[PDB]
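Lettering follows sequence order; numbering is per chain, from 1. Because only heavy atoms are used, hydrogens play no part in the values below, and waters and symmetry mates are left out as well, while side chains stay in.
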Amino acid sequence: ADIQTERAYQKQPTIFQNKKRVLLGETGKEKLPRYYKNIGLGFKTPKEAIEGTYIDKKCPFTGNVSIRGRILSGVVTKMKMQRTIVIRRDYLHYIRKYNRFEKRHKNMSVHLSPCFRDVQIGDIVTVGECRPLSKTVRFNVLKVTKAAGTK
Amino acid sequence: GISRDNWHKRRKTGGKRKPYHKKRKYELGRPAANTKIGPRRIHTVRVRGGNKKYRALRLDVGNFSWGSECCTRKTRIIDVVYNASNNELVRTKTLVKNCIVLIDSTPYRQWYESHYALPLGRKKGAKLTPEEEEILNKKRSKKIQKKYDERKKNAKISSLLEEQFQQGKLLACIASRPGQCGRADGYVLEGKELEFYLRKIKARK
Amino acid sequence: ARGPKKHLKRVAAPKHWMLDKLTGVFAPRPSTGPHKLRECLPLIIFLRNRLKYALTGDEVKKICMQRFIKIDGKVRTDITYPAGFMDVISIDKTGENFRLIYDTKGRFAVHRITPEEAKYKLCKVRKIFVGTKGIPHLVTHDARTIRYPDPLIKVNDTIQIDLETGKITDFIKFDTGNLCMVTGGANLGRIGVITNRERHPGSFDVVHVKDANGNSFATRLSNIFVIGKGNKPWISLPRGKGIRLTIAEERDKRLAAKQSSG
RNA sequence: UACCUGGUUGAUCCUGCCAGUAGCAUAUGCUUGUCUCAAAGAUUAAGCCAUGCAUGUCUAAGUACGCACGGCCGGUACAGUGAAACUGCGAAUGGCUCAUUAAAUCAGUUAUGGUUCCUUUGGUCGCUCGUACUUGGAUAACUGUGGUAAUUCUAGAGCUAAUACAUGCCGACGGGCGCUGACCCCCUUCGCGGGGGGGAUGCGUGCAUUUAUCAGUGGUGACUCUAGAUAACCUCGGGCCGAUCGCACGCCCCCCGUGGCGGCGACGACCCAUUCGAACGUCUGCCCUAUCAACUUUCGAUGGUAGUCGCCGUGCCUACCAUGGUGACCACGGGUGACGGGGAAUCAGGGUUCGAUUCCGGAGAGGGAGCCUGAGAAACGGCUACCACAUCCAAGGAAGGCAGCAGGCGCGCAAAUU
RNA sequence: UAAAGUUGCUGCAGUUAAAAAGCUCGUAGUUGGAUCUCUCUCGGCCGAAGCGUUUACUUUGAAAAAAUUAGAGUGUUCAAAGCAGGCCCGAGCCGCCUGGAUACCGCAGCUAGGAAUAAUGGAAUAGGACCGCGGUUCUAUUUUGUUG
RNA sequence: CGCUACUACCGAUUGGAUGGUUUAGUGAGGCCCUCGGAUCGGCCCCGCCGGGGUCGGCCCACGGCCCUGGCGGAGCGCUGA
Ligand SMILES: [Mg+2]
Ligand SMILES: [Mg+2]
Ligand SMILES: [Mg+2]
Ligand SMILES: [Mg+2]
Ligand SMILES: [Mg+2]
Ligand SMILES: [Mg+2]
Ligand SMILES: [Mg+2]
Ligand SMILES: [Mg+2]
Ligand SMILES: [Mg+2]
Ligand SMILES: [Mg+2]
Ligand SMILES: [Mg+2]
Ligand SMILES: [Mg+2]
Ligand SMILES: [Mg+2]
Ligand SMILES: [Mg+2]
Ligand SMILES: [Mg+2]
Ligand SMILES: [Mg+2]
Ligand SMILES: [Mg+2]
Ligand SMILES: [Mg+2]
Ligand SMILES: [Mg+2]
Ligand SMILES: [Mg+2]
Ligand SMILES: [Mg+2]
Ligand SMILES: [Mg+2]
Ligand SMILES: [Mg+2]
Ligand SMILES: [Mg+2]
Ligand SMILES: [Mg+2]
Ligand SMILES: [Mg+2]
Ligand SMILES: [Mg+2]
Ligand SMILES: [Mg+2]
Ligand SMILES: [Mg+2]
Ligand SMILES: [Mg+2]
Ligand SMILES: [Mg+2]
Ligand SMILES: [Mg+2]
Ligand SMILES: [Mg+2]
Ligand SMILES: [Mg+2]
Ligand SMILES: [Mg+2]
Ligand SMILES: [Mg+2]
Ligand SMILES: [Mg+2]
Ligand SMILES: [Mg+2]
Ligand SMILES: [Mg+2]
Ligand SMILES: [Mg+2]
Ligand SMILES: [Mg+2]
Ligand SMILES: [Mg+2]
Ligand SMILES: [Mg+2]
Ligand SMILES: [Mg+2]
Ligand SMILES: [Mg+2]
Ligand SMILES: [Mg+2]
Ligand SMILES: [Mg+2]
Ligand SMILES: [Mg+2]
Ligand SMILES: [Mg+2]
Ligand SMILES: [Mg+2]
Ligand SMILES: [Mg+2]
Ligand SMILES: [Mg+2]
Ligand SMILES: [Mg+2]
């Protein structure tokens with residue numbers, strides 16, 4: 001109902017949901033078994049991913065992606081695209097001649113899974129590298145930590 | 001010719017880039033294989049590394065699987081009814097991956113009647129042929145009849161599939177890419193997905 | 001380029017071949033084989049530069065085409081054949097046997113061995129995988145694939161192979177307290193005992209080694225080759241036991257040798 | 001070697017430049033006895049080229065009835081050397097130049113768990129239950145007949161080979177295992193019924209390929225990994241499962257045969273592993289310019305879903321959707337007498353300038369574009385067109401690419417032997 | 001290129017020699033006052049696991065093409081160079097000995113200690129820490145010699 | 001203000017010029033798809049030359065059933081390239 005919003009049927013490819021059963025087991029509950037995996041590197045699977053019902057092939061926990069490479073951090077700056085946000089990474093570049101530094105920044109478009117909700121602008125996000133998901137997206141959100149002003 | 005490179009695209013900022021090399025062999029592309037329905041016609045393509053790609057231009061049969069019964073059979077393809085990507089593909093009857101098609105039901109009915117020994121797809125008029133009568137009403141011993149009666153406990157099919165069997169055609173979804181491997185393989189639609197696609201087809205009309 | 005490269009500039013050759021600059025423009029590009037291009041020793045270099053048997057490249061070919069040289073018990077006529085670590089070279093005409101072992105300077109040394117020792121070699125387990133029909137397969141550092149290995153053998157272990165039949169005789173497990181040699185990096189050619197292993201998920205592991213004299217160093221996990229169990233190696237060692245001397249004590253040893261000469 | 005000197009005033013102390021001083025690299029002038037090294041048509045013209053050369057290759061081991069030579073038997077297939085030609089491989093390396101190119105190239109650092117890979121090395125190669133003591137038709141070289149002013153142009157006719165092109169068995173082969181299963185027994189039951197076995201007859205079967213389902217040997221930080229099971233499929237432009245060659249030749253039988261067996265190699269081949277790579281990605285890093293302040297999105301700009309194409313991941317492309325994406329931390333645009341680094345000159349300590357140029361990457365072959373073959377090329381000492389030049393001609397046609405080595409013209413202050 | 005402390009980060013000037021906006025507000029940028037002296041469990045004291053509120057900094061370690069530069073050895077007759085060479089011979093007719101080091105390689109990315117300096121963090125509507133005690137709902141493994 | 005010369009600026013106007021972009025309209029050539037079929041074969045139908053078996057009336061003659069080598073003519077018969 002709410003999940004089915006596209007012209008094509010949204011399904012989890014590795015789950016077979018047409019297994020026939022007796023009439024007694026049909027009355028109990030129509031609860032599809034969820035597919036999820038541990039991504040490794042000490043990151044825990046959010047409870048909303050295990051208990052959720054969303055369909056996302058690019059989700060690091062319930063989708064077909066692999067996390068390998070560099071693990072980076074950023075601050076959420078824009079949330080206006082579908083399932084992907086823009087974060088900003090700030091740093092200092094050293095100039096040898098003057099023995100000083102200058103402030104520089106980069107912008108990253110990263111994929112945000114539906115399992116992460118209540119994400120606001122200005123909170124810290126830990127992302128991991130994966131295969132290119134689109135023209136400009138190469139990283140996926142792995143952890144979200146709130147800002148210092150959380151009450 | 002047809003190139004699928006990345007350096008002809010604008011940058012993320014929006015500015016255009018000047019290329020630094022011309023088109024390369026490994027960046028080539030080829031015209032689409034618009035697979036229709038008809039007598040089999042397949043052309044082979046020599047691809048990178050010396051391998052082959054089977055470019056199916058016309059197909060009429062393929063093996064589809066009834067997942068709930070785990071019954072895979074080779075059946076002819078009749079018509080294309082729905083296509084999620086574009087409706088122009090339905091009008092031209094193009095066979096692509098994930099398209100919804102109509103297939104014959106006879107081999108599945110034969111397997112069902114040979115397994116559970118129950119009527120399926122038959123009209124209420126009860127007209128019969130002696131071959132089917134001896135298929136269903138064969139004389140079996142005590143042990144074999146005991147197995148068949150036990151199998152008759154689980155012999156139950158949803159109303160949608162039964163109606164499709166009465167119509168003589170089933171709805172299936174193609175899972176293989178005909179333009180790459182040269183064959184049209186898939187699975188029989190059933191369950192919530194069947195209801196979703198039935199609703200989509202009805203709303204399209 | 002439009003394809004594979006077939007030449008090798010002499011100045012771009014590996015520096016452990018000790019080639020001179022003014023002899024020519026090119027260096028022998030190693031053929032494809034069990035060992036990598038940057039981690040092997042071509043047959044011609046060993047045959048004319050190390051042993052001084054031949055003066056030119058033509059004489060190396062004249063020696064090789066008489067089927068005199070054997071590598072791991074098999075006759076090789078290729079003069080650019082890549083010969084690598086822990087390989088056995090046999091010359092039956094002169095009755096000589098050699099084993100390619102790094103010295104403390106990180107160069108392959110002319111190390112003569114007993115003909116009894118020339119019957120086996122040590123290999124490092126690189127890969128373990130189950131193939132068709134549920135048959136285990138083991139892949140070593142020198143491209144050898146062996147079927148039905150011992151179930152206790154895992155990666156980073158050492159196996160002893162009999163060169164005649166190519167079958168495992170025994171093995172050494174990768175555990176702390178064993179004897180190992182470094183096969184790459186800054187500590188190449190050093191021999192010691194493993195102290196501890198640091199595990200970094202998603203990255204390279206670091207292993208610490210301590211030599212006989214008590215000097216400690218560290219390397220990556222891929223650069224370590226287990227030679228013997230405990231303090232006893234399973235192969236013969238070169239003149240230097242794997243202990244790297246400093247420049248000051250090398251000078252002291254050289255001066256002492258000069259004083260005692262004459 | 002952490003360095004200064006002359007010049008503005010009637011005379012003085014300053015600011016401040018001009019000039020003076022020493023390296024380095026291009027040219028030029030005068031001069032020049034002996035020896036060791038040694039750069040050298042980059043700057044203007046990536047302007048144009050006469051001529052010659054620069055890529056070809058045979059072992060005992062694919063094909064010899066050329067006496068072209070050659071030793072013996074003389075039907076007693078083929079002694080040996082071997083031109084030519086068919087077949088196989090290489091020709092995608094090397095050499096040259098720096099025109100284009102400003103997050104592009106490139107450098108360090110990571111990834112392919114998102115791909116392909118000639119060859120070398122190792123592993124598999126009776127694992128399939130269904131004429132073979134060796135099957136078929138042609139083509140060169142050769143012998144003869146020709147056409148055109150002209151080319152590394154070729155046409156007809158007569159012969160003959162394969163590791164070229166095709167086609168196809170036996171054997172292992174006794175069975176085993178999954179389903180179908182007439183019938184036959186053995187227990188309990190008074191009996192129905194409840195059980196436990198055996199089974200003829202049928203279909204399928206091995207590794208690769210495509211799809212669906214089930215369970216959970218070995219491994220990773222993490223698989224939708226590897227391995228296993230089940231139901232089928234398996235492309236005529238067709239995956240494998242040997243109709244190939246050489247050298248030494250021997251043991252066995254109720255035997256002299258259809259005689260059976262056997263050792264080293266060479267070649268080939270489906271699929272794994274390895275080697276040489278290649279190709280797409282991650283993070284950081286580049287010269288001047290605001291008299292360039294907003295740019296991108298009609299013709300994809302940012303993201304989502306499903307597909308097509310591709311060797312793979314992806315707006316690479318398509319359809320339907322959301323309104324996104326970048327920018328004083330300098331976006332976008334412009335210029336560069338800009339290929340990038342390893343490096344070079346000068347230097348107390350900082351720093352300034354250069355790097356066309358022998359090493360590592362990139363690009364190009366007059367300018368564009370499109371392709372064949374091949375493992376690998378958008379190849380140019382390969383092909384096909386257009387644009388600009390340009391050679392021979394009997395006017396009908398044919399043939400072109402020195403930024404490869406010499407050499408020639410032109411250009412210039414500026415650079416060597418056909 | 002140095003001289004040029006005449007492009008001044010080290011390290012220049014701005015009353016009269018060239019020079020500080022007519023004055024004020026103000027975003028971005030830059031800068032910013034004192035203060036605060038390893039851990040349970042599970043396994044064989046160590047092993048696993050969480051560490052650290054995190055950084056910046058400094059000191060280690062690993063990976064980092066050669067060639068050049070710096071630099072060790074070596075009578076190319078010296079030197080620029082090169083990576084070579086040396087020793088006894090009654091002749092070794094199995095000739096012997098020895099080198100082809102090392103240092104440096106910016107920034108960014110890995111690794112392990114330090115805890116001064118400089119950023120940042122917590123308990124204030126207490127739905128804050130620590131030790132316990134009752135009530136309810138949802139699923140997995142094992143034990144009742146096996147099987148439902 | 002009157003002499004003597006140079007550089008740099010405007011600006012009646014249109015030339016010799018090239019180079020770089022694009023709007024529209026054509027568009028060589030390769031590649032892909034759908035057609036097409038000059039021509040070259042193989043299989044059937046006859047005929048006469050030739051070799052293996054067998055069957056029949058049989059005595060060194062001639063037919064039947066298969067194979068087998070060539071040759072000549074049909075079928076818009078079939079099929080492959
Ligand atoms: Mg400084
Ligand atoms: Mg270019
Ligand atoms: Mg080249
Ligand atoms: Mg070679
Ligand atoms: Mg005066
Ligand atoms: Mg001066
Ligand atoms: Mg003289
Ligand atoms: Mg020139
Ligand atoms: Mg030039
Ligand atoms: Mg030059
Ligand atoms: Mg040449
Ligand atoms: Mg040839
Ligand atoms: Mg080739
Ligand atoms: Mg040359
Ligand atoms: Mg790089
Ligand atoms: Mg890939
Ligand atoms: Mg290979
Ligand atoms: Mg002919
Ligand atoms: Mg062939
Ligand atoms: Mg599997
Ligand atoms: Mg997609
Ligand atoms: Mg998309
Ligand atoms: Mg430059
Ligand atoms: Mg340029
Ligand atoms: Mg200095
Ligand atoms: Mg100075
Ligand atoms: Mg340079
Ligand atoms: Mg350069
Ligand atoms: Mg230039
Ligand atoms: Mg090119
Ligand atoms: Mg050229
Ligand atoms: Mg030219
Ligand atoms: Mg051209
Ligand atoms: Mg090839
Ligand atoms: Mg070209
Ligand atoms: Mg040329
Ligand atoms: Mg070339
Ligand atoms: Mg020339
Ligand atoms: Mg020429
Ligand atoms: Mg000159
Ligand atoms: Mg001249
Ligand atoms: Mg200066
Ligand atoms: Mg100074
Ligand atoms: Mg000045
Ligand atoms: Mg000072
Ligand atoms: Mg001043
Ligand atoms: Mg003033
Ligand atoms: Mg004032
Ligand atoms: Mg402010
Ligand atoms: Mg303070
Ligand atoms: Mg380096
Ligand atoms: Mg270096
Ligand atoms: Mg066309």
Side-chain angles (χ1 to χ4, degrees), chain A residues 6-8 13-14 16 37-41 64 66-70 80-84 94 96-99 102-105 129 131-136 138 148, chain B residues 1 4-6 9-10 12-15 17-18 20-26 28-32 42-44 47-50 54 63 65 67 70-74 84-86 96-98 144 175-176 179 181-183 185-187, chain C residues 1-7 9 11-12 15 18 20 22 31-34 36-37 127-132 134 136-137 139 143-145 147 185 201-203 206 218-220 247 250:
Chain A
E6 293 285 348
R7 300 181 60 179
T14 170
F16 178 54
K37 64 172 179 295
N38 176 35
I39 71 176
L41 296 176
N64 179 73
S66 181
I67 296 301
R68 74 288 180 279
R70 304 179 182 268
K80 291 183 175 301
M81 297 174 296
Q82 297 186 350
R83 284 169 168 172
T84 158
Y94 176 81
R96 183 201 289 101
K97 176 179 181 176
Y98 300 95
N99 304 90
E102 52 174 73
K103 174 69 168 54
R104 294 193 180 185
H105 86 286
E129 193 193 316
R131 58 176 172 84
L133 306 180
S134 65
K135 181 184 177 188
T136 63
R138 283 88 171 92
Chain B
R4 53 193 311 274
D5 49 68
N6 299 328
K9 205 86 177 184
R10 282 186 170 271
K12 181 184 177 183
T13 64
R17 55 169 68 94
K18 298 177 182 177
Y20 81 102
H21 71 79
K22 62 193 299 181
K23 292 186 179 182
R24 290 295 153 91
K25 167 73 175 185
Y26 57 87
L28 68 84
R30 298 192 184 94
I42 304 175
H43 292 178
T44 52
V47 305
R48 184 179 190 84
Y54 306 90
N63 60 324
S65 184
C70 194
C71 174
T72 310
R73 289 297 180 275
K74 177 185 174 182
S85 297
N86 185 13
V96 296
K97 179 178 171 57
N98 202 20
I144 283 81
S176 63
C181 63
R183 56 183 77 176
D185 302 357
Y187 55 87
Chain C
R2 286 174 285 164
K5 305 172 71 65
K6 305 181 181 177
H7 296 67
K9 292 298 168 58
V11 75
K15 200 199 172 184
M18 294 173 297
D20 63 328
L22 297 184
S31 303
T32 53
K36 283 184 173 299
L37 189 148
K127 184 178 298 186
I128 294 290
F129 65 95
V130 178
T132 312
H137 293 75
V139 174
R144 291 176 176 265
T145 60
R147 302 199 311 171
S203 181
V206 178
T219 46
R220 287 185 179 180
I247 46 180
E250 290 185 24

**Message:** Counting only side-chain heavy atoms from C-beta out, which of D:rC214, D:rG364, D:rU326 sits nearest to A:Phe16?
**Reply:** D:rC214
**Message:** Can you tell me which nucleotide in D:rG303, D:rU211, D:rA208 comes closest to the side chain of C:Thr132?
**Reply:** D:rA208
Please list, for nucleotides 94-103 of chain D, all pairs of protein and nucleotide N/O atoms separated by less than 3.5 Å.
unit_1: D:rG94; atom_1: OP1; unit_2: C:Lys5; atom_2: NZ; d: 2.9
unit_1: D:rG95; atom_1: OP1; unit_2: C:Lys9; atom_2: NZ; d: 3.2

**Donor-acceptor pair (no angle test) under 3.5 Å: C:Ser31 side chain, D:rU120 base** = no
**Prompt:** What about B:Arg4, does its side chain sit under 3.5 Å from the base of D:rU314 through a donor-acceptor pair?
**Reply:** yes
**Message:** Under the criterion of centre distance below 5.5 Å and interplanar angle below 30°, is B:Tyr54 classified as stacked on the base of D:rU235?
**Reply:** yes
**Message:** Distance check, P atoms only: D:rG355 and D:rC283, in whole angstrom units.
**Reply:** 32 Å
**Prompt:** Less than 3.5 Å between a donor and an acceptor, one on the side chain of B:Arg30 and one on the base of D:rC309, is that the case here?
**Reply:** no
**Request:** Determine the Euclidean distance between corresponding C1' atoms of D:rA150 and D:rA406; express it in Å to zero decimal places.
**Result:** 31 Å
**Request:** Ignoring hydrogens and angles, answer whether the base of D:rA273 and the side-chain atoms of C:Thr145 contain a donor-acceptor pair closer than 3.5 Å.
**Result:** no
**Message:** With syn defined as a glycosidic angle within 90° of 0 and anti as the rest, where does D:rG174 land?
**Reply:** syn
**Message:** Looking at A:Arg7 and D:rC320, is any side-chain donor or acceptor paired with a base atom of the opposite kind under 3.5 Å?
**Reply:** no
**Request:** Measure distances between side-chain N and O atoms of B:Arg183 and base N and O atoms of D:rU209, and say whether any donor-acceptor pair falls under 3.5 Å.
**Result:** yes
**Message:** I'd like to know if A:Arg70 reaches the base of D:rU110 with its side chain, counting only an N/O donor and acceptor under 3.5 Å.
**Reply:** no
**Item:** Opposite nucleotide pairing with F:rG47, Watson-Crick or G-U, both atom distances under 3.5 Å
**Value:** F:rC71
**Asked** The side chain of A:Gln82 lies closest to which of these nucleotides: D:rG315, D:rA322, D:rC233?
**Response** D:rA322
**Asked** How far, in whole Å, is D:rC165 from D:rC89 if one measures between their P atoms?
**Response** 10 Å
**Message:** Only pairs with both distances under 3.5 Å count, Watson-Crick or wobble alike; so what is the partner of D:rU97 in this structure?
**Reply:** D:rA363
**Item:** Proximal nucleotide (of E:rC9, D:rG325, D:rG221) relative to the A:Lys80 side chain
**Value:** D:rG325
**Request:** Report yes or no: do D:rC73 and D:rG88 constitute a Watson-Crick or wobble pair with both atom distances shorter than 3.5 Å?
**Result:** no
**Message:** Would you measure the distance from the P atom in D:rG20 across to the matching atom in D:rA2 and give it in whole Å?
**Reply:** 25 Å
**Item:** Which nucleotide in E:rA101, D:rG307, E:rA65 has an atom nearest any side-chain atom of B:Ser85
**Value:** D:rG307
**Prompt:** Is D:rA229 paired with D:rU213, either Watson-Crick or G-U wobble, both distances below 3.5 Å?
**Reply:** yes
Check: protein-nucleotides 51-56 of chain E nitrogen or oxygen pairs below 3.5 Å:
none

**Side-chain donor or acceptor of A:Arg138 paired with backbone N/O of A:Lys135 under 3.5 Å** = yes
**Message:** I'd like to know if A:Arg96 reaches the base of D:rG350 with its side chain such that a donor and an acceptor end up less than 3.5 angstrom apart.
**Reply:** no
**Asked** Below 3.5 Å, does any donor atom in the side chain of B:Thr72 face an acceptor in the base of D:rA231, or the other way round?
**Response** yes
**Message:** What's the gap between D:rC173 and D:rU205 when it is taken at their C1' atoms, as a whole Å value?
**Reply:** 15 Å
**Message:** For the sugar ring of E:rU141, does the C1'-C2'-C3'-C4' torsion put it in the north or the south range?
**Reply:** north
